[PDB]
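A.B. asks: Dropping a structure here in structure tokens format, bear with me for questions.
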Amino acid sequence: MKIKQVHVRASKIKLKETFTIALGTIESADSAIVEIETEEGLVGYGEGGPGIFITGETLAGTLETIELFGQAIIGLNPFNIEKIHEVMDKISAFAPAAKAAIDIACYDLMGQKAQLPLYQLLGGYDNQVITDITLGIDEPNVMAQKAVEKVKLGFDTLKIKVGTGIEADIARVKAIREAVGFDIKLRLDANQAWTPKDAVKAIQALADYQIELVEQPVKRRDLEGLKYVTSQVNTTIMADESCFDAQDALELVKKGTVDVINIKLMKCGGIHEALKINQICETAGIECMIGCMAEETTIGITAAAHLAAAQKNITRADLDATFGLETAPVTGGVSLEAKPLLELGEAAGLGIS
Ligand SMILES: CC[C@H](C)[C@H](N)C(=O)N[C@@H](Cc1ccc(O)cc1)C(=O)O
Ligand SMILES: [Mg+2]
């Protein structure tokens, strides 16, 4: 199998509602959709959803980088994922969205050529994944009503966004808990908003509210502060922005910084690197949660779901980016439907057309 041409295009899909997190707001999912065409005619789908307040990547930068990657990999075999990443890493020192776009399309092609659903090539542990759904920052009563609405849709796990001030954030969590009861799992995400001290204070104040875990409570560069929180509360602490790639994972494991790690294809540059992060974590006794950017869509989410289903150590999933999209840019894959169960069919590769 040989790559004949790499096609890329901008995709801009308005969100049904603006989403607010501690780092900013998003109202449109703008990504780069890649289609790698092979000599034999098979076409693999890839996507790069750059979140500027997460990685600094922009759609224009991502598009330009993908084009450079595209020309450099013509003639290569999609199965030679080792060389494909070698080439991209030599071209750019940092562009996870662009690298993920290429990587995802290559894996899609691998599955199609082998005539197997992607999850079978990535571990084969399962063929489905259960995802939580995220509640953007808003007034306590508002988030609470939304929570009740989501639970009605069948979600048993809600990811609560917080980060404007511990006082207000605690109020948000209490309102949500009171509204939905204790049969619902609640995980919090402060998106780097709290100081180490305030994080501990807030987590302790929510002790009787049965919090499943707390994601990135402190600034990403403050690994000492992150470890401080982890070592000061029994509550599970998850690293997100503090862990982009395998090297970061290796650093957090040596330091014992967190309890769990959030893996994003858009942070590590693809499935190839995501696998490394998970393997490092599993070896260290750290479970992983597959996540996503609000900028990605069907392709990115579908690839993430196949990886999450295939690997035993990826025990949690936050793959809800398609739920806010006004439209789907492609056919097949994970639906725009807001549902907790993401079942992967038997279609080869990503099952996208
Ligand atoms: C809006 C929630 C998204 C789909 C996901 N569950 C999420 O929370 N992702 C990031 C935060 C984020 C990234 C990019 C962006 O444009 C908005 C929000 C996370 O912290 O896990
Ligand atoms: Mg997060």
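Note on naming: chains are A, B, ... as they come in the structure tokens, residues start from 1 per chain, ligands start from 1 in the order shown.
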Please give me, as an NGL selection string, the residues lying within 9 Å of ligand 2 when counting only C-alpha atoms and all ligand atoms.
C.D. replies: :A and (161 or 188-192 or 215-216 or 238-241 or 262 or 291-292)
A.B. asks: Using C-alpha atoms, can you write the selected residues to a file as a PDB file, in the first residue's frame?
C.D. replies:
ATOM      1  CA  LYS A 161     -16.585  22.405  34.496  1.00  0.00           C
ATOM      2  CA  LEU A 188     -14.737  17.889  38.147  1.00  0.00           C
ATOM      3  CA  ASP A 189     -12.451  19.824  35.820  1.00  0.00           C
ATOM      4  CA  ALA A 190     -10.988  23.169  36.896  1.00  0.00           C
ATOM      5  CA  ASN A 191      -8.867  23.642  33.766  1.00  0.00           C
ATOM      6  CA  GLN A 192      -5.875  25.027  35.711  1.00  0.00           C
ATOM      7  CA  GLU A 215      -9.004  17.163  36.546  1.00  0.00           C
ATOM      8  CA  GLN A 216      -6.052  19.583  36.303  1.00  0.00           C
ATOM      9  CA  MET A 238      -6.092  13.656  36.948  1.00  0.00           C
ATOM     10  CA  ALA A 239      -3.531  15.439  34.820  1.00  0.00           C
ATOM     11  CA  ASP A 240      -4.674  16.914  31.525  1.00  0.00           C
ATOM     12  CA  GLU A 241      -2.912  20.043  30.274  1.00  0.00           C
ATOM     13  CA  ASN A 262      -6.223  12.371  30.385  1.00  0.00           C
ATOM     14  CA  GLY A 291     -10.610  12.963  26.143  1.00  0.00           C
ATOM     15  CA  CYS A 292     -11.207  15.446  23.326  1.00  0.00           C
TER      16      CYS A 292
END
A.B. asks: May I have the residues within 6 Å of segment 331-338 of chain A as a tab-separated table (two decimals) with C-alpha atoms, in the first residue's frame, using only C-alpha atoms and disregarding those fewer than 3 positions away in the same chain?
C.D. replies:
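part.tsv was written with the following content:
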chain	number	residue	atom	x	y	z
A	298	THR	CA	-16.74	12.83	13.94
A	302	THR	CA	-14.34	8.03	16.26
A	322	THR	CA	-19.97	15.61	18.55
A	323	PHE	CA	-22.88	16.35	20.90
A	351	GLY	CA	-16.15	3.09	9.27
A	352	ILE	CA	-16.28	6.64	7.93
A	353	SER	CA	-17.22	7.66	4.37
A.B. asks: Hey, which residues sit close to ligand 1? Say within 6 Å, counting only C-alpha atoms and all ligand atoms, and write them as a PyMOL selection string.
C.D. replies: chain A and resi 19+26+51+134+191+291-295+318+320-321
A.B. asks: Among segment 98-330 of chain A, which residues does DSSP mark as alpha helix (DSSP H) when it is run on the backbone? Keep the chain and numbering as in the structure and answer as a VMD selection string.
C.D. replies: chain A and resid 98 to 114 118 to 121 140 to 152 166 to 180 196 to 205 223 to 232 246 to 255 265 to 268 271 to 284 298 to 310
A.B. asks: Considering only C-alpha atoms, state which residue in the set A:308, A:260, A:76, A:200 is at the smallest distance from residue 288 of chain A.
C.D. replies: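 Closest to residue 288 of chain A, using only C-alpha atoms: A:260.
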A.B. asks: Which residues, written as a PyMOL selection string, have at least one atom at most 10 Å from residue 162 of chain A, with only C-alpha atoms counted and residues fewer than 5 positions away on the same chain left out?
C.D. replies: chain A and resi 20-22+135-138+168-173+188-194+217
A.B. asks: So that I can check the surroundings of segment 227-237 of chain A, please list as a PyMOL selection string every protein, DNA and RNA residue that reaches within 8 Å of it, counting only C-alpha atoms and ignoring chain neighbours fewer than 4 positions away.
C.D. replies: chain A and resi 196-197+199-200+203-204+211-216+223+256-260
A.B. asks: Write out, as a short mmCIF file (atom, residue, chain, number, x, y, z; two decimals), in the first residue's frame, the residues just selected, with N, CA and C atoms.
C.D. replies:
data_model
loop_
_atom_site.label_atom_id
_atom_site.label_comp_id
_atom_site.auth_asym_id
_atom_site.auth_seq_id
_atom_site.Cartn_x
_atom_site.Cartn_y
_atom_site.Cartn_z
N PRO A 196 -2.77 25.73 44.30
CA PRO A 196 -2.74 24.44 45.00
C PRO A 196 -3.54 24.45 46.30
N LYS A 197 -3.40 25.52 47.08
CA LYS A 197 -4.11 25.65 48.35
C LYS A 197 -5.63 25.68 48.19
N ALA A 199 -7.31 24.59 45.66
CA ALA A 199 -7.75 23.31 45.12
C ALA A 199 -8.05 22.36 46.28
N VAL A 200 -7.09 22.23 47.19
CA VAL A 200 -7.24 21.36 48.35
C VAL A 200 -8.43 21.80 49.20
N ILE A 203 -11.64 20.87 47.30
CA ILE A 203 -11.84 19.43 47.26
C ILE A 203 -12.31 18.91 48.62
N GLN A 204 -11.77 19.48 49.69
CA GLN A 204 -12.16 19.06 51.03
C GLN A 204 -13.59 19.52 51.34
N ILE A 211 -17.15 13.11 45.10
CA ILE A 211 -16.53 13.50 43.84
C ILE A 211 -15.68 12.34 43.32
N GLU A 212 -15.89 11.94 42.07
CA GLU A 212 -15.12 10.83 41.52
C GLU A 212 -13.65 11.18 41.35
N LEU A 213 -13.39 12.34 40.76
CA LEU A 213 -12.02 12.78 40.53
C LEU A 213 -12.05 14.25 40.17
N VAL A 214 -10.87 14.87 40.18
CA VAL A 214 -10.73 16.26 39.81
C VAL A 214 -9.62 16.36 38.77
N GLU A 215 -9.94 16.98 37.65
CA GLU A 215 -9.00 17.16 36.55
C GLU A 215 -8.26 18.49 36.62
N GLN A 216 -6.95 18.43 36.35
CA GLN A 216 -6.05 19.58 36.30
C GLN A 216 -6.49 20.79 37.13
N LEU A 223 3.97 21.53 38.20
CA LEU A 223 3.94 20.11 38.53
C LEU A 223 4.11 19.86 40.03
N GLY A 256 5.40 11.00 40.43
CA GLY A 256 4.20 10.62 41.17
C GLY A 256 3.26 11.80 41.31
N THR A 257 3.23 12.62 40.26
CA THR A 257 2.43 13.83 40.22
C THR A 257 0.92 13.70 40.33
N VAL A 258 0.35 12.71 39.65
CA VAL A 258 -1.09 12.50 39.65
C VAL A 258 -1.48 11.03 39.76
N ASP A 259 -2.79 10.79 39.84
CA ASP A 259 -3.34 9.43 39.96
C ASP A 259 -3.83 8.85 38.63
N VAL A 260 -4.30 9.72 37.75
CA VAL A 260 -4.83 9.32 36.45
C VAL A 260 -4.41 10.36 35.41
#
A.B. asks: Quick one: contact table of segment 22-43 of chain A to segment 110-119 of chain A, 12 Å max, nearest atom pair and distance in Å to one decimal per residue, counting only C-alpha atoms, chain and number order, as JSON lines?
C.D. replies:
{"residue": "A:36", "atom": "CA", "partner": "A:110", "partner_atom": "CA", "distance": 11.6}
{"residue": "A:38", "atom": "CA", "partner": "A:113", "partner_atom": "CA", "distance": 10.6}
{"residue": "A:40", "atom": "CA", "partner": "A:113", "partner_atom": "CA", "distance": 10.1}
{"residue": "A:41", "atom": "CA", "partner": "A:113", "partner_atom": "CA", "distance": 10.7}
{"residue": "A:42", "atom": "CA", "partner": "A:112", "partner_atom": "CA", "distance": 7.6}
{"residue": "A:43", "atom": "CA", "partner": "A:112", "partner_atom": "CA", "distance": 8.7}
A.B. asks: Keeping only C-alpha atoms, take the residues you just selected and write them out as a JSON list (two decimals), in the first residue's frame.
C.D. replies:
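That gives us part.json:
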[["chain", "number", "residue", "atom", "x", "y", "z"],
["A", 36, "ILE", "CA", -5.15, 10.28, 2.50],
["A", 38, "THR", "CA", -3.57, 5.49, -1.68],
["A", 40, "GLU", "CA", -5.00, 1.37, -4.93],
["A", 41, "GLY", "CA", -7.89, 3.72, -4.20],
["A", 42, "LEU", "CA", -8.43, 3.31, -0.46],
["A", 43, "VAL", "CA", -9.03, 6.62, 1.33]]
A.B. asks: For residue 300 of chain A, which of A:104, A:281, A:88, A:60 is the closest residue, counting only C-alpha atoms?
C.D. replies: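 For residue 300 of chain A, the nearest of the given residues is A:104.
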A.B. asks: Taking only C-alpha atoms into account, which of A:286, A:81, A:348, A:1 comes nearest residue 271 of chain A?
C.D. replies: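 The answer is A:81, which sits nearest to residue 271 of chain A.
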A.B. asks: Go through A:346, A:17, A:37, A:287 one by one, measure the shortest atom-to-atom distance of each to residue 128 of chain A using only C-alpha atoms, and give the residue with the smallest value.
C.D. replies: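 Comparing A:346, A:17, A:37, A:287 against residue 128 of chain A, the winner is A:346.
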A.B. asks: Can you list, as an NGL selection string, all residues belonging to segment 138-252 of chain A that DSSP tags as strand (DSSP E)?
C.D. replies: :A and (157-161 or 185-189 or 211-215 or 236-239)
A.B. asks: Take the residues from that selection and put them in a file with N, CA and C atoms, as a tab-separated table (two decimals), in the first residue's frame.
C.D. replies:
chain	number	residue	atom	x	y	z
A	157	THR	N	-22.71	9.58	34.18
A	157	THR	CA	-21.48	10.26	34.57
A	157	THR	C	-21.44	11.64	33.95
A	158	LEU	N	-21.31	12.66	34.78
A	158	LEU	CA	-21.26	14.04	34.32
A	158	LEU	C	-19.91	14.67	34.64
A	159	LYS	N	-19.34	15.37	33.66
A	159	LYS	CA	-18.06	16.05	33.85
A	159	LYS	C	-18.41	17.52	34.08
A	160	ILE	N	-18.17	17.99	35.30
A	160	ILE	CA	-18.50	19.36	35.69
A	160	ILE	C	-17.37	20.36	35.53
A	161	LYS	N	-17.59	21.37	34.69
A	161	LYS	CA	-16.58	22.40	34.50
A	161	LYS	C	-16.72	23.47	35.59
A	185	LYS	N	-22.32	9.63	38.85
A	185	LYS	CA	-20.91	9.91	39.10
A	185	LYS	C	-20.60	11.32	38.62
A	186	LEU	N	-19.87	12.07	39.44
A	186	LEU	CA	-19.50	13.43	39.09
A	186	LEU	C	-17.99	13.62	39.14
A	187	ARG	N	-17.41	14.02	38.02
A	187	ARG	CA	-15.98	14.29	37.96
A	187	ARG	C	-15.89	15.79	37.69
A	188	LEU	N	-14.91	16.44	38.30
A	188	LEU	CA	-14.74	17.89	38.15
A	188	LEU	C	-13.53	18.22	37.30
A	189	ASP	N	-13.56	19.38	36.65
A	189	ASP	CA	-12.45	19.82	35.82
A	189	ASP	C	-12.32	21.33	36.00
A	211	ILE	N	-17.15	13.11	45.10
A	211	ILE	CA	-16.53	13.50	43.84
A	211	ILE	C	-15.68	12.34	43.32
A	212	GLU	N	-15.89	11.94	42.07
A	212	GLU	CA	-15.12	10.83	41.52
A	212	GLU	C	-13.65	11.18	41.35
A	213	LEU	N	-13.39	12.34	40.76
A	213	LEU	CA	-12.02	12.78	40.53
A	213	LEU	C	-12.05	14.25	40.17
A	214	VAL	N	-10.87	14.87	40.18
A	214	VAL	CA	-10.73	16.26	39.81
A	214	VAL	C	-9.62	16.36	38.77
A	215	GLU	N	-9.94	16.98	37.65
A	215	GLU	CA	-9.00	17.16	36.55
A	215	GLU	C	-8.26	18.49	36.62
A	236	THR	N	-9.21	11.34	43.76
A	236	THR	CA	-8.37	11.05	42.60
A	236	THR	C	-8.09	12.33	41.81
A	237	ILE	N	-6.82	12.58	41.51
A	237	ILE	CA	-6.40	13.76	40.75
A	237	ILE	C	-5.93	13.32	39.36
A	238	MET	N	-6.45	13.98	38.33
A	238	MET	CA	-6.09	13.66	36.95
A	238	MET	C	-5.33	14.79	36.28
A	239	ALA	N	-4.29	14.43	35.54
A	239	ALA	CA	-3.53	15.44	34.82
A	239	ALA	C	-4.11	15.52	33.42
A.B. asks: Quick check, in Å to one decimal: how far apart do atom CA of residue 299 of chain A and atom CA of residue 80 of chain A lie?
C.D. replies: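 These two atoms are separated by 21.1 Å.
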A.B. asks: What's around residue 127 of chain A at 8 Å? Count only C-alpha atoms, leave out sequence neighbours fewer than 6 positions away in its own chain, and write the answer as a list in words.
C.D. replies: residues 119, 306, 309, 310, 343, 344 and 345 of chain A
A.B. asks: Could you write out that same residue set with N, CA and C atoms as an mmCIF file, in the first residue's frame?
C.D. replies:
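What landed in again_23.cif:
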data_model
loop_
_atom_site.group_PDB
_atom_site.id
_atom_site.type_symbol
_atom_site.label_atom_id
_atom_site.label_comp_id
_atom_site.auth_asym_id
_atom_site.auth_seq_id
_atom_site.Cartn_x
_atom_site.Cartn_y
_atom_site.Cartn_z
ATOM 1 N N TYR A 119 -10.457 -0.877 16.251
ATOM 2 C CA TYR A 119 -10.235 -1.351 17.610
ATOM 3 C C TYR A 119 -9.562 -2.725 17.647
ATOM 4 N N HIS A 306 -12.240 4.149 19.157
ATOM 5 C CA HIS A 306 -11.652 2.858 18.790
ATOM 6 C C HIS A 306 -10.464 2.560 19.690
ATOM 7 N N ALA A 309 -11.762 1.802 23.319
ATOM 8 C CA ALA A 309 -12.387 0.484 23.397
ATOM 9 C C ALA A 309 -11.350 -0.644 23.345
ATOM 10 N N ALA A 310 -10.310 -0.444 22.544
ATOM 11 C CA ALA A 310 -9.269 -1.444 22.351
ATOM 12 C C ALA A 310 -8.313 -1.663 23.520
ATOM 13 N N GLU A 343 -21.175 2.671 20.460
ATOM 14 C CA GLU A 343 -20.928 1.337 19.924
ATOM 15 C C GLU A 343 -20.237 1.445 18.575
ATOM 16 N N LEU A 344 -19.166 0.687 18.404
ATOM 17 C CA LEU A 344 -18.431 0.703 17.154
ATOM 18 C C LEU A 344 -18.899 -0.492 16.338
ATOM 19 N N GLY A 345 -19.265 -0.247 15.087
ATOM 20 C CA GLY A 345 -19.728 -1.335 14.249
ATOM 21 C C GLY A 345 -18.603 -2.262 13.843
#
A.B. asks: Record the distance separating atom CA of residue 220 of chain A and atom CA of residue 86 of chain A, expressed in Å with one decimal.
C.D. replies: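 Interatomic distance, atom CA of residue 220 of chain A to atom CA of residue 86 of chain A: 27.1 Å.
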A.B. asks: What lies within 8 Å of residue 32 of chain A using only C-alpha atoms, ignoring chain neighbours under 4 positions off, as an mmCIF file with C-alpha atoms, in the first residue's frame?
C.D. replies:
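That gives us selection31.cif:
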data_model
loop_
_atom_site.group_PDB
_atom_site.id
_atom_site.type_symbol
_atom_site.label_atom_id
_atom_site.label_comp_id
_atom_site.auth_asym_id
_atom_site.auth_seq_id
_atom_site.Cartn_x
_atom_site.Cartn_y
_atom_site.Cartn_z
ATOM 1 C CA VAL A 8 -6.845 18.532 3.435
ATOM 2 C CA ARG A 9 -9.683 20.985 3.952
ATOM 3 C CA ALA A 10 -10.971 23.402 6.541
ATOM 4 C CA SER A 11 -14.149 22.440 8.384
ATOM 5 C CA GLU A 47 -8.679 15.223 11.574
ATOM 6 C CA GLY A 48 -6.815 17.920 13.440
ATOM 7 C CA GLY A 49 -8.850 20.015 15.865
ATOM 8 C CA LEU A 59 -6.471 26.285 12.049
ATOM 9 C CA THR A 62 -2.440 23.361 11.363
ATOM 10 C CA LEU A 63 -3.495 23.494 7.697
ATOM 11 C CA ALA A 101 -4.658 14.331 11.386
#
